[PDB]
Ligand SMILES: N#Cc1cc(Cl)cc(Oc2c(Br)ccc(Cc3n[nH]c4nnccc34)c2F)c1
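So this first bit is one chain, no partners, the form solved without the named molecule, shown in structure tokens.
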């Protein structure tokens, strides 16, 4: 039936007008399905026969539904959508089973032909015109950009009084999918379910009996809900011989979907396989690291996994582990070996970075994801020494902070692989470095002058001033012993190196990092260029030619 709720006032954008688009030819199957649907909808008041006074049209078509022998009528409303006012979406996100608390009794309801039970603004119906090889919509259509928001809000309004007088019953509301949980006995629960279904009826919403689940395991939002466990509906990865960009996109999307409950999923190398591509049909040969990463993911997926349900009275604990190459896995649990859920973080921020930075980024991702699913920050267990963190917190010139955390020594550990000195080292040879690069010819020079009288200048091709300053620092590091003072004229290089990086997109910064690690003491100092200072003056005169 049609809901008696008020309709949402809806307008076109100013100066705009309805769509006039011809009707594509559909197969005999789609035409039969569409006439069988439309005759009944017009009988029911959901569409109205229209005539020459409606100068509008939009193409319709059909697709087989979820898995059933039933059909879905869609309208390619792209035009009308480009010409319809903006909406504010109310679906702020997707619910997750890990945020569900254990309930004694549980049922999942579906609403039948959902959109088609919510009415449509009377002034707006004309624009929804269509034809079959001519009706207009009186209810929410599928393909119109405003239907999801108007439906979700209408269903919120309908459920409002029931919730208001049934606070002990949880109704998780994804668009027309209702999860209903209670601590009532099966009998009282099924009676309250009946009250709910009658309520939805008074507001025009049928809950079909075929789509009514009453017994575990419930299929819900992509998962299987058991009384004490939840699992993910089976994830089947493609086993292609040759791979195309679209195929790796499907693969990595399915691995990302798995990463919520399968621990240790990694996509770094499969993701790299998409760097330079230009076509969803282009073929990509796997690397060897791609082979290994995908094999590992498959061997993970071949194992039986499950999550559990939240207990608000216990503590949320999030525990993080370092994978290779800026990738991280985490597990959120409450009791030692029984995960609420799992996840991964592998977002590569910054040209140069260290593990302490990535670990912080991961901690705040987990924090926001947990605020969403439970409304609570977790207690963290990180592979980083309180001393490492305190050292970094002290010597790092930006504000950084991590919530309550405790240390676990499941390696690999998070370490600052080197520490710049605060004061210059007595007796250590003192290196004044510099570099220059001709902007026209891309030629350059880099080198050092020391206090003991050592000089060096290497010539470089196809470089830039920044690259050549870093080359100078690298020169000093190579030709010095375990303790060295270095004086540079570039804030760029100084600023990279004081961040204490342990990885870099640049090969030169990687080589510099290896040299810094080898050293026992390094002291880096900055002088203003072109000022006639110290040895800066002579190395500057030396690398210009």
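Residue numbers count along the first chain shown, from 1.
In this entry, no coordinate-free residues of the deposited sequence separate residue 187 from residue 188. Just going by the entry, 122-130 versus 220-228 on mean CA temperature factor gives the higher value to 122-130. Once the C-alpha B-factors are averaged per stretch, 21-29 and 527-535 rank with 21-29 first.
When the C-alpha B factors of 244, 173, 377, 334 are read from the deposited coordinates, the top value falls at 244. Sorting 432, 162, 151, 396 by the CA temperature factor given in the entry leaves 396 at the top. Among the modelled residues of the chain, residue 89 sits in the lowest third by CA temperature factor in this PDB entry. Annotation for residue 71: CA B-factor lies in the highest third of the chain's modelled residues. The entry lists a Cα temperature factor for residue 460 that places it in the highest third of the chain's modelled residues.
Ranked against the other modelled residues of its chain, the C-alpha B-factor of residue 365 as given in the entry falls in the lowest third.
In the PDB entry, a CA B factor belonging to the middle third of its chain's modelled residues is recorded for residue 414.
The form solved in complex with the named molecule is left out here; the points below concern that form.
Site accessibility, blocked: after C-alpha superposition of the site, the named molecule as positioned in the entry with it bound shows three or more atoms within 2.4 Å of the backbone or C-beta atoms of the displayed chain. Contact annotation: the named molecule lies within 4.5 Å of heavy atoms from the stretch 171-179 in the entry with it bound, the single such stretch among 400-408, 452-460, 238-246, 171-179. For a residue to qualify, one of its non-hydrogen atoms must sit within 4.5 Å of the named molecule in the entry with it bound; none of 272, 348 and 350 qualifies.
For the candidate set 135, 220, 392, 474, a heavy atom within 4.5 Å of the named molecule in the entry with it bound is found for exactly one residue, namely 220.
Checked against the named molecule in the entry with it bound, the candidates 427, 324, 412, 216 yield a single residue with a heavy atom inside 4.5 Å, and that residue is 216. Proximity of residue 268 to the named molecule in the entry with it bound falls outside the 4.5 Å heavy atom cutoff.
Though the partner is left out of this view, residue 363 does not reach within 4.5 Å of the named molecule in the entry with it bound, counting heavy atoms only. When contacts are judged by a 4.5 Å heavy atom cut-off, residue 100 counts as touching the named molecule in the entry with it bound.
Not displayed here, the named molecule is kept clear of residue 332 by more than 4.5 Å at the level of heavy atoms in the entry with it bound. Taking the named molecule as positioned in the entry with it bound, the residues of 218-241 that bring a heavy atom within 4.5 Å of it are, in sequence order, 218, 220, 225, 226, 227.
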